[PDB]
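Chemist:
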Amino acid sequence: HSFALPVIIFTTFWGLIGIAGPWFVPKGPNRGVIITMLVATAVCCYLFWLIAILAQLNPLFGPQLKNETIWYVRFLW
Amino acid sequence: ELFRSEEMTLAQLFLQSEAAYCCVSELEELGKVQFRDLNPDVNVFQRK
Amino acid sequence: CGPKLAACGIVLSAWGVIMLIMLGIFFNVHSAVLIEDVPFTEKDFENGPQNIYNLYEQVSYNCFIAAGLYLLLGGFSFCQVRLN
Amino acid sequence: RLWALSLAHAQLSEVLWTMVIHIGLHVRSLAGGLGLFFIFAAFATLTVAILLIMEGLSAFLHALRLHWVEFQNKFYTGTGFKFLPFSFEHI
Amino acid sequence: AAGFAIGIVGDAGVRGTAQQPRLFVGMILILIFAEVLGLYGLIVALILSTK
Amino acid sequence: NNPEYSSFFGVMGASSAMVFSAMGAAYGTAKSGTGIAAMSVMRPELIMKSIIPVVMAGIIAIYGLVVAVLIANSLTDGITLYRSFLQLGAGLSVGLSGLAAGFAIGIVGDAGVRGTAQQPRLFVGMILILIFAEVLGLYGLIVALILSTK
Amino acid sequence: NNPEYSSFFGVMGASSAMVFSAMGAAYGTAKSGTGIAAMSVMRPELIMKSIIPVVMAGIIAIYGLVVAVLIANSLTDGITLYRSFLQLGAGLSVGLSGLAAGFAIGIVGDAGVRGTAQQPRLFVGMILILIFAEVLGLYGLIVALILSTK
Amino acid sequence: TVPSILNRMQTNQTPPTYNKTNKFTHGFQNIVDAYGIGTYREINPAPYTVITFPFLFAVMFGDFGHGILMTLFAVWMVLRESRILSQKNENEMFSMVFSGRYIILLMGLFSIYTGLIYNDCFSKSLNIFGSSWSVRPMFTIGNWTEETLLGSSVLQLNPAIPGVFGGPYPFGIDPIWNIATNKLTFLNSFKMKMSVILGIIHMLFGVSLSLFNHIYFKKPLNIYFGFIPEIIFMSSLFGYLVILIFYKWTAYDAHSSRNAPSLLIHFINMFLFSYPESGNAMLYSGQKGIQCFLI
Numbered sequence: 004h005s006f007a008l009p010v011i012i013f014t015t016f017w018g019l020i021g022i023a024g025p026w027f028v029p030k031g032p033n034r035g036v037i038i039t040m041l042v043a044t045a046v047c048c049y050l051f052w053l054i055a056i057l058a059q060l061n062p063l064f065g066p067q068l069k070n071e072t073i074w075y076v077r078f079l080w
Numbered sequence: 003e004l005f006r007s008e009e010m011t012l013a014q015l016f017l018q019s020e021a022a023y024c025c026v027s028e029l030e031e032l033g034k035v036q037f038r039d040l041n042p043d044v045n046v047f048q049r050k
Numbered sequence: 007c008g009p010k011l012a013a014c015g016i017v018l019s020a021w022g023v024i025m026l027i028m029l030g031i032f033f034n035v036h037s038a039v040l041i042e043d044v045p046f047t048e049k050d051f052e053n054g055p056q057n058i059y060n061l062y063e064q065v066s067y068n069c070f071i072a073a074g075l076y077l078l079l080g081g082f083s084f085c086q087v088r089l090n
Numbered sequence: 741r742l743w744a745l746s747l748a749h750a751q752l753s754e755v756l757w758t759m760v761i762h763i764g765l766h767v768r769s770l771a772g773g774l775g776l777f778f779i780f781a782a783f784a785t786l787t788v789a790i791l792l793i794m795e796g797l798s799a800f801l802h803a804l805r806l807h808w809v810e811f812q813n814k815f816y817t818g819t820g821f822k823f824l825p826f827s828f829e830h831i
Numbered sequence: 105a106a107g108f109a110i111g112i113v114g115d116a117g118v119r120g121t122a123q124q125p126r127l128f129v130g131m132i133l134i135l136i137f138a139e140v141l142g143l144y145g146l147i148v149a150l151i152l153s154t155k
Numbered sequence: 006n007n008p009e010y011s012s013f014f015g016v017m018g019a020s021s022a023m024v025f026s027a028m029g030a031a032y033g034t035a036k037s038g039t040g041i042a043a044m045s046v047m048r049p050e051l052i053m054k055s056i057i058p059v060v061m062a063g064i065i066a067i068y069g070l071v072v073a074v075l076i077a078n079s080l081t082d083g084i085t086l087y088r089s090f091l092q093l094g095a096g097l098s099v100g101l102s103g104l105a106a107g108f109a110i111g112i113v114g115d116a117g118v119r120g121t122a123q124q125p126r127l128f129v130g131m132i133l134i135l136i137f138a139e140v141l142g143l144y145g146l147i148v149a150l151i152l153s154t155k
Numbered sequence: 006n007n008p009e010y011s012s013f014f015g016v017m018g019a020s021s022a023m024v025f026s027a028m029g030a031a032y033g034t035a036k037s038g039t040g041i042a043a044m045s046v047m048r049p050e051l052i053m054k055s056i057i058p059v060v061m062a063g064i065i066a067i068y069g070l071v072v073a074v075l076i077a078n079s080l081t082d083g084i085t086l087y088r089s090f091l092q093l094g095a096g097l098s099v100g101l102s103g104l105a106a107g108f109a110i111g112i113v114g115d116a117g118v119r120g121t122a123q124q125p126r127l128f129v130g131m132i133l134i135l136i137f138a139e140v141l142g143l144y145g146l147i148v149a150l151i152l153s154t155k
Numbered sequence: 347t348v349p350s351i352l353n354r355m356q357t358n359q360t361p362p363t364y365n366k367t368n369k370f371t372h373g374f375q376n377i378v379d380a381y382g383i384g385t386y387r388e389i390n391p392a393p394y395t396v397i398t399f400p401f402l403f404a405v406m407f408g409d410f411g412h413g414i415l416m417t418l419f420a421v422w423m424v425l426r427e428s429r430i431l432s433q434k435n436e437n438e439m440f441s442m443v444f445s446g447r448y449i450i451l452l453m454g455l456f457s458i459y460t461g462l463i464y465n466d467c468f469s470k471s472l473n474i475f476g477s478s479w480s481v482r483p484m485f486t487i488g489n490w491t492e493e494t495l496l497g498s499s500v501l502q503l504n505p506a507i508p509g510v511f512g513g514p515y516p517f518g519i520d521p522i523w524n525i526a527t528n529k530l531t532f533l534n535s536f537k538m539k540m541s542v543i544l545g546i547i548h549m550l551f552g553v554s555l556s557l558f559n560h561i562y563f564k565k566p567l568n569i570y571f572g573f574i575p576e577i578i579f580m581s582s583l584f585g586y587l588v589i590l591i592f593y594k595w596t597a598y599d600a601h602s603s604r605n606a607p608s609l610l611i612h613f614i615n616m617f618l619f620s621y622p623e624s625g626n627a628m629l630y631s632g633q634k635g636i637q638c639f640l641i
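Residue numbers (the UniProt record's numbering), protein chains in the order written: chain A, 4 to 80; chain B, 3 to 50; chain C, 7 to 90; chain D, 741 to 831; chain E, 105 to 155; chain F, 6 to 155; chain G, 6 to 155; chain H, 347 to 641.
1. Using a C-beta cutoff of 8 Å, does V74/G count as contacting chain I?
2. In whole angstroms, give me the CA-to-CA distance for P400/H and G454/H.
3. To the nearest angstrom, report how far apart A27/G and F532/H are at their CA atoms.
4. Within 8 Å, do at least three Cβ pairs link the stretch 604-624 of chain H to the stretch 580-595 of chain H?
5. May I ask you to report which of helix, strand or coil DSSP gives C7/C?
6. Note the first and the last residue of the continuous alpha helix (DSSP H) segment covering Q14/B.
7. List the endpoints of the continuous alpha helix (DSSP H) containing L352/H.
8. Could I get the ranges of all uninterrupted beta strand (DSSP E) runs contained in the stretch 511-553 of chain H, with 3 residues as the minimum, in chain order?
9. Just the Cα atoms here: how many angstroms apart are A31/G and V24/F?
10. For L501/H and chain A, any beta-carbon pair shorter than 8 Å?
11. Are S45/G and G114/G closer than 8 Å when you measure CB to CB?
12. Give the secondary structure of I389/H by DSSP, where H, G and I count as helix, E and B as strand, and everything else as coil.
13. Looking only at its chain, what residues have a beta carbon closer than 8 Å to the beta carbon of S79/G, apart from the 5 residues adjacent to it on each side?
14. The alpha helix (DSSP H) with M53/G in it runs from where to where?
15. For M759/D, count neighbouring Cβ atoms within 10 angstroms of its own Cβ and tell me buried if that reaches 16, exposed if not.
16. So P483/H contacts chain C; which residues on that side make the cut at Cβ distance below 9 Å?
17. For chain F, is any of its Cβ atoms less than 8 Å away from the one on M131/G?
18. Would residue 1/A count as contacting chain C if we go by Cβ distances under 8 Å?
19. Please confirm whether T363/H has its beta-carbon closer than 8 Å to some beta-carbon of chain F.
20. Which residues bound the alpha helix (DSSP H) around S441/H?
21. Within 7 Å: the Cβ of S554/H and any heavy atom of the ligand NAD?
22. Taking a contact to mean a Cβ-Cβ separation below 8 Å, would you say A22/G touches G63/G in this structure?
23. Mind checking the stretch 45-69 of chain C against chain D and listing, in chain order, the residues whose C-beta falls within less than 7 Å of any C-beta there?
24. Count the other CB atoms within 10 Å of the CB of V60/F; is the residue buried (16 or more) or exposed (fewer)?
25. Roughly how many angstroms separate the alpha carbons of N534/H and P607/H, rounded to a whole number?
26. Is there at least one Cβ from chain E nearer than 8 Å to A789/D's Cβ?
27. Look up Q502/H in the DSSP assignment and give the residues it is bridged to.
28. Are there 16 or more other CB atoms within 10 angstroms of the CB of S582/H, so buried, or fewer, so exposed?
29. Report buried or exposed for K50/B, applying the criterion of at least 16 other Cβ atoms within 10 angstroms of its Cβ.
30. Please identify, using Cβ separations under 7 Å, the residues of the stretch 530-543 of chain H that lie next to chain F, in order along the chain.
31. Please name the residue or residues paired with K470/H in a DSSP beta bridge.
32. For the alpha helix (DSSP H) containing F25/F, name the first residue and the last one.
33. Comparing C-alpha positions only, which one of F90/G, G103/G, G96/G and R48/G sits nearest to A73/G?
34. Give the DSSP-derived three-state secondary structure of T81/G in the structure shown.
Here you go:
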């Protein structure tokens, strides 16, 4: 197993919203707005999550905690 | 398509003066049309 | 009163019930992100976690009781919005 | 500007928690329940006024500022006459 | 600084409101943008006094 | 190794980042609120357009907050006197640039709002002038982030 | 080897490059901005031409940022006092020449706009006057680029 | 009897500008038109704005708690629509927020999405996410093991070193970063770099929309002497900045943290043709030649 599989799943979910979503759109003047809306939703939502994951990967320092909190996590988890 | 400003054309209209009132009425009832001014002398006491 | 205050009491009722029940649940599961929020004391390290767990239970009950006060604000405000 | 507004919004929310909601928690059921009700009602009022209304309007205008300036100025020339047709639909 | 902002805005805003009662809601928004400077001063002071 | 009487400059950094930016946003808000209030008498519909200078002042205080918090988190007991001066220079460079921007927006917000009520075409001009005023807060943040992380 | 306290002047260079330039660009934008607002009422067509004074005040802030970056990217703990003085000198040279340029841009920008409102032929003269106000920022910048690389 | 004929003119002045509207798109078009009116056949910002404005707002407004509040308000205005259309209009504020109801909903919904991934409700986490962080038993391995003793008396830092740390993480922001004292350093590194990346992406979209605009006007010179050198200038700065950020997030890790290079300093050094031959190391092989070539 690798974190790449969750990334592939998430990328596929929004990739289908940005491709198959447009292919389900009806006819008439609103079509180009709805296509752009679906595509741009997938783009912006995907990019925000992707930056968050890349910043969560390989941390150069970890969390630092108060005396009471770093004690009570011994039992609460 | 709505990703760009919608397509238009300028046209020149030849109008008989008795038909003209009814012509303008039908154009304003249709409501898809904007007139281009050809009378620079237009004012409250100079307008035809 | 007026309908404005009744609508405010309806909004506060819905939000208050939702959030105080969510906190009552987070206190009931002894959530670590609430360690600063629970009113713990220097004695609540003695023998084991049972002392701090009794305080988590107290603040969990307090939140569920507080959601009940937002249900009373609800019932009152759903009268006032019709009465005004 | 994205980061800047986000930090302000987050820390405004943090202090509103830290010196309102935290005070309502108490070691007895009646005093805790009553305290929580009034403390959270004060929190909601301040949270709406400061964050939902005022920082909402700030983020609204700044999101549009970036959008109108540091996005649209690359391509939208934004110079032209509004279509204002002569119509009976204005009656 | 927030006091200066509330002072000028409260004076000019109440005077405008008495001439024109439409201003009041606008004055409340502009007053929150003054009052919040004190709250930023607090945010930084609570950090500084503890970290 | 490091002297005491030394975390002082970084603290004056965090303080001045919040103080002189709060002064900048206060002038920006006080002058813009004066212009908006006096304007609203003649043009009551205009307020939610003409509030923009007040918001362009509120951001200057937040540019102060960004640096002030960034410094106050980067303070430590026995902080190297070098880092401490970099945090002072950051704090002043946002603090007094935000003050400069606070004047620049307060002045053009009062005049721009008054002019806009006398002539509605000015609104596009005013918001364009406010970009060139508010960017002075940004240039203080840019150098302050560089000095904070160098 | 090189002293503690040696970076202080280099930091005050980075700060002064910015702060005084932002004060110059703030004056330039404030004063020309009030001019544009007052003009626009009588002459709505001139708004988008009349931004040039504001744009040139914006360039004085840029000259302050350029040097402030070139100072701040050149600080270190071990800085020989020579390099630190050069950075203070650079930061005052652009910071205060930018201030001088900005003070000129504000005054010539306002007078130039009010004159152009009444008489459109001034606009070429207003640009030529304004070039000689903005170039003082460039001369400040040249001396600051030179000093910060001695 | 005269049918009143016309002809299509050729030597034309520039025609007026228009686009269709509906309940959702109307507000998004109004906020375009208030800033400016496009030239004839110009690209319309409004279809991109339908997402882009709600997105920039929800990045600015990404609290899950406020996301719910904003959603509830906008949903109430949509559900009561047929009643509110009969009510007073003289309250211009109420009329304005009601006229925004659909755009206000979308920005509120995206503020839930950003609020969830940022893992903030009212400056608190949701406990639904797993742990990347290390439980106390993980420090017993001799490596950094003084944490297990010092934690009973003084503040202590997790180093995030391999074998101690939980490794790669698939959720949003880890819940631990709401309770930790150092949180603002880590969270600001994220929001700072994120704001740079999104801004770069939106400028790269803006120049790409410039190409479509120049193609729609069918002008070879605007593409060849405008767009081509413009995008090469931008890409030769921006591509390197993003590559460096993404490279650090892949090639470096906790054990590499000591003497790890600064991204902003490599970007300024590149722009200045001025790597200092000393101090912070180069990030990759041949990088000095690459910096020089790009600038």
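All C-beta atoms, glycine included, are put in the ideal place defined by N, C-alpha and C.
Modeler: Judging by the given coordinates:
1. No chain I is part of this structure, whose protein chains are labelled A, B, C, D, E, F, G and H.
2. 8 Å
3. 31 Å
4. yes
5. coil
6. Premise fails: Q14/B lies in the beta strand (DSSP E), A13 to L15, not in any alpha helix (DSSP H).
7. Looking at the DSSP string, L352/H is not in any alpha helix (DSSP H); the run it does join, the beta strand (DSSP E), is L352 to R354.
8. Listed in chain order, nothing qualifies, since the stretch 511-553 of chain H has no complete beta strand (DSSP E) run of 3 or more residues.
9. 19 Å
10. yes
11. no
12. strand
13. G15, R88, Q92 and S153
14. Run containing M53/G: none; DSSP gives neither H nor E here.
15. With a threshold of 16 other beta carbon atoms within 10 Å, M759/D falls short and is exposed.
16. Under the 9 Å cutoff, chain C gives no residues; its nearest Cβ is about 16 Å from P483/H.
17. No, no contact with chain F.
18. Nothing can be reported for residue 1/A: it is not among the residues displayed for chain A, which extend from 4 to 80.
19. no
20. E438 to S445
21. Although the ligand NAD was asked about, the structure shown includes no ligands whatsoever.
22. no
23. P45, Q64, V65, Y67, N68 and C69
24. buried
25. The straight-line gap separating the alpha-carbon atoms of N534/H and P607/H is approximately 18 Å.
26. yes
27. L68/A
28. With fewer than 16 neighbouring CB atoms inside 10 Å of its own CB, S582/H falls in the exposed class.
29. exposed
30. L530, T531 and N534
31. Beta-bridge pairing links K470/H to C467/H.
32. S12 to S45
33. Minimum Cα distance to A73/G is reached at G96/G.
34. coil
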